[PDB]
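In: quick one, what's the 3D model for this:
(chains A, B, C and D)
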Amino acid sequence: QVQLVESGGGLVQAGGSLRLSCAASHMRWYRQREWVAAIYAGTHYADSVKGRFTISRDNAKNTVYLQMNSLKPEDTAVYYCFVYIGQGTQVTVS
Amino acid sequence: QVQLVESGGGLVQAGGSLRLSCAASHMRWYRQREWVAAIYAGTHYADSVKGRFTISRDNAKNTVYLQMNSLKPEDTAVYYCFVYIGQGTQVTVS
Amino acid sequence: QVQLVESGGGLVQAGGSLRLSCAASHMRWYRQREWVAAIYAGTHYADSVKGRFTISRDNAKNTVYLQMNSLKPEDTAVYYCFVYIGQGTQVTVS
Amino acid sequence: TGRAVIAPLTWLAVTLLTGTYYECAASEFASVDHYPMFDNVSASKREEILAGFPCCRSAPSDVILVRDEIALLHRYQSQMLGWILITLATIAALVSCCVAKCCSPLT
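Out: Residues are numbered from 1 along each chain as shown, chains lettered A, B, ... in the order given. This is the structure:
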């Protein structure tokens, strides 16, 4: 009965900010598959992505918000969520 | 009775996106012949092409879709499909 | 009954100055989590941040003021306060 | 038995003190409750990575902190076990010699 859907993707230019939303009816984020970050509000980030992304979640809406700052064309990838595997949404930077 | 045809090729400039379609009446992609990527929805990509291409397939249409982002003149080649060998379509980048 | 809230964040361009405020109903500052600075009026700063930040506190208002000079995009991070852990506010430099 | 015992006790002591053998042996029996990073609701991939990272995986993905901590834990346990083993061997040797002297009917 547990379904995970991703939202908030699209195309963002260099230096922009993007917000990634996963709806849940401990969470982990992946990109493609490379490990990204983890939440429990104790939070953990990979060093390849450290200092750029911030993850928070609210139990009221049962969604996890992943705030990305200063995106670059290097991180053009499809991002998944893991608690079961999420569908994933494509993010491209031009 | 199984026939594979490729479609979606042509000429695309630098930084463009191209979509490759193979119709089927486990799939593998090749370019010329060098190995490209594999699908089963578990997916595998070569490191020389990693982080640029995404492959998905749907059983409803019996076609495999290969989404290519940020093409360059370096990957100017003819791409085949393998399940039997596909016909292949020429892709050129100027 | 002790609650710590952060204020004074936002987006500041290169070379700008920013003021960080924490309300208390020995204090330490962190950024993300990396150690930043400490107060008692004897003050201590990390060498990675030395010569740029100044921290002072007043008992009349029960707040600690952290004066940041010459910010750069490199220190784009979320800053916390520690006495219990503070909520933290996101600071971005473009 | 004097020589028959000094022959392998050196091997066991040296191997345990070096600790690499014990690490490669008992790596997979490490606990994961302490570390929140090893949730892995799949409960099968976790065992594989646990048995995998000690050998040659490398692959720095910020999990190497847990790898290093648990490797130090197993190395410390190995060397302490080696000290326990050598102490027990010495105590047993001394007690056995005393029992041989006591139980010997000959003067």
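In: quick one, helices of chain D?
Out: Ranges of helices within chain D are D:2-18, D:20-26, D:45-52, D:64-103, based on DSSP state H.
In: between those, which one is closest to chain A.
Out: Among the helices of chain D, helix D:64-103 comes nearest to chain A, with 10.1 Å by CB to the nearest CB. (C-beta placed from N, C-alpha, C; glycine too.)
In: distance from the closest one to the middle of the chain?
Out: 9 Å (CA atoms, centre = their mean, to the nearest Å).
In: check whether it contacts chain A.
Out: No. Using CB under 8 Å from any CB of the partner chain, helix D:64-103 stays clear of chain A, with a minimum separation of 10.1 Å.
In: sorry, back to before: turn the helices of chain D into TSV, columns for distance to chain C and mean neighbour count.
Out: Formatted as TSV, these follow (distance: least, CB to the nearest CB, whole Å; neighbours: other CB atoms under 10 Å in any protein chain shown):
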stretch	distance to chain C	mean neighbour count
helix D:2-18	36	12
helix D:20-26	31	14
helix D:45-52	25	14
helix D:64-103	14	13
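In: next one: residue D:93 from residue D:12, what distance?
Out: If you measure residue D:93 against residue D:12 using CB to CB, to the nearest Å, the figure is 14 Å.
In: nearest to residue A:73, out of the helices of chain D?
Out: Nearest to residue A:73, of all the helices of chain D, is helix D:64-103, at 28.2 Å by CB to CB.
In: against which helices or strands is that closest one packed?
Out: Judged by 3 or more CB pairs under 8 Å, 6 or more residues apart in numbering or on different chains; DSSP states H and E, helix D:64-103 is in contact with helix D:2-18, helix D:20-26.
In: quick check: which of the helices of chain D is nearest to residue C:22?
Out: Going by CB to CB, the one of these nearest residue C:22 is helix D:64-103, 29.2 Å.
In: between the closest one and helix D:45-52, how big is the angle?
Out: Angle of helix D:64-103 versus helix D:45-52, following axes from the mean of the first three to the mean of the last three CA atoms, to 10 degrees, is 60 degrees.
In: still on that earlier bit, looking at the helices and strands packed on helix D:64-103, which is closest to chain B?
Out: Nearest to chain B, of these and by CB to the nearest CB, is helix D:20-26 at 29.6 Å.
In: and that closest one, what does it pack against?
Out: Helix D:20-26 packs on helix D:2-18, helix D:64-103, going by 3+ CB pairs under 8 Å, 6+ apart.
In: so how far is residue D:34 from the residue nearest to residue D:30 when sequence neighbours are not counted?
Out: Excluding the flanking residues, the one nearest residue D:30 by CB to CB, 6 or more residues apart in numbering or on different chains is residue D:70, at 5.2 Å. Using CB to CB, residue D:70 is found at 9 Å from residue D:34.
In: residue D:5 against residue D:97, yeah?
Out: No. Contact criterion CB atoms under 8 Å: residue D:5 and residue D:97 do not qualify, at 11.5 Å.
In: burial count for the closest residue to residue A:41 other than its chain neighbours?
Out: Distances taken as CB to CB, 6+ apart put residue A:56 closest to residue A:41, at 7.2 Å, once the chain neighbours are dropped. Using other CB atoms under 10 Å in any protein chain shown, the number of residues around residue A:56 comes to 12.
In: for residue A:29, same thing?
Out: Residues near residue A:29, counting by other CB under 10 Å: 23.
In: quick one, phi psi at it?
Out: Main-chain torsions, residue A:29, degrees, to the nearest 10: phi -120, psi 140.
In: residues in contact with it?
Out: By CB atoms under 8 Å, 6 or more residues apart in numbering or on different chains, the residues touching residue A:29 are A:20, A:36-38, A:55, A:66, A:79-82.
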